[PDB]
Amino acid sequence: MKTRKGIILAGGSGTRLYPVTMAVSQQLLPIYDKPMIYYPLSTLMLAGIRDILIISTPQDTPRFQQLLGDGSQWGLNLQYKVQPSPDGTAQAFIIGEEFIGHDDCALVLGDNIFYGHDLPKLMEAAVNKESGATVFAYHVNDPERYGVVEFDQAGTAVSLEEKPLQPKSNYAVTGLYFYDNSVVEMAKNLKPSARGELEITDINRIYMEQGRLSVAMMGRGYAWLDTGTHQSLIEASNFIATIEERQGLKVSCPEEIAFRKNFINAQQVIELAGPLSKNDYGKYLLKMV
């Protein structure tokens, strides 16, 4: 079963970014030339995933709904569900249980930006996996802040620890995950962690203890950025800016990926571009077709 459903966890508190995130959701913040949520959404789209459930806070869910709509304009089927309280990323599978049904589902954090040659290829391997789960390991400078994966001599993943005091490696689990349908039952039975939250890491550990976790390496050639701090938020923006300025191509443009993957055709693009042709984004879409 190809993973055809996905979830974007665009809620949270964003205390690290106050007061910036006091009146503006972290996932609505701009990462250079477009709202942050366009990045994780693009990643799902590039995986061939069109049916997406967007989860956010009670106050912000309607805003992402106003920004994205039902997604038909990009040939997508977007749905929205509120997460009452930020009680853990794993809760996404409890909230989106109905949305998932008996199918497989991907989950990507709303503030995660993925960029790199052959990124679609790497995900497709996970999209096609008949069962189990697929997570990605990425070398970072401060692994303690993330879910760290320990590898043995042969280079095989053996354990996972959420924000360990002493990381057993510098490889963090990224915020993009692909699960089979058994994820829902795991989430429903998960107990609050040591930090009072239902962590996705605990789900990844269950898949691993059952020998069903594939820890796909995401090399240094790829870019995996986070936007939880003032510093990182601006670093990611400069990053994307350098790339787009040089290439004359936008990174993660929903309209462009929709067109290139045939979710919509040229006429639709032209119709969308027209009313926006007055600005650069519109001109970008027109040049594309």
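So that there is no doubt, residue numbering starts at 1 and follows the sequence shown.
Student: Look over 203-211 and 171-179 in the entry and identify the one with the greater average Cα temperature factor.
Tutor: The stretch with the larger mean CA B-factor is 203-211.
Student: Can you let me know which of the two, 156-164 or 70-78, has the higher average C-alpha B-factor in the entry?
Tutor: Averaging CA B-factors over each stretch, the winner is 156-164.
Student: Between 270, 23, 17, 10, which one tops the list for Cα B-factor in this entry?
Tutor: Answer, based on the entry's C-alpha B-factors: 23.
Student: Would you mind checking where the Cα B-factor of residue 112 ranks among the modelled residues of its chain, as the lowest, middle or highest third?
Tutor: Bottom third by C-alpha B-factor.
Student: Which third of the chain does residue 133 land in by C-alpha B-factor: lowest, middle or highest?
Tutor: Its C-alpha B-factor, which the entry lists for residue 133, ranks in the middle third among residues of this chain.
Student: Residue 91: which third of its chain by C-alpha temperature factor?
Tutor: As the PDB entry reports it, the C-alpha B-factor of residue 91 lands in the middle third of its chain.
Student: Which third, lowest, middle or highest, does the CA B-factor of residue 285 fall in along this chain?
Tutor: It falls in the bottom third of the chain.
Student: Select lowest, middle or highest to describe the third in which the CA B-factor of residue 85 falls within its chain in this entry.
Tutor: For residue 85, the deposited C-alpha B-factor lands in the middle third.
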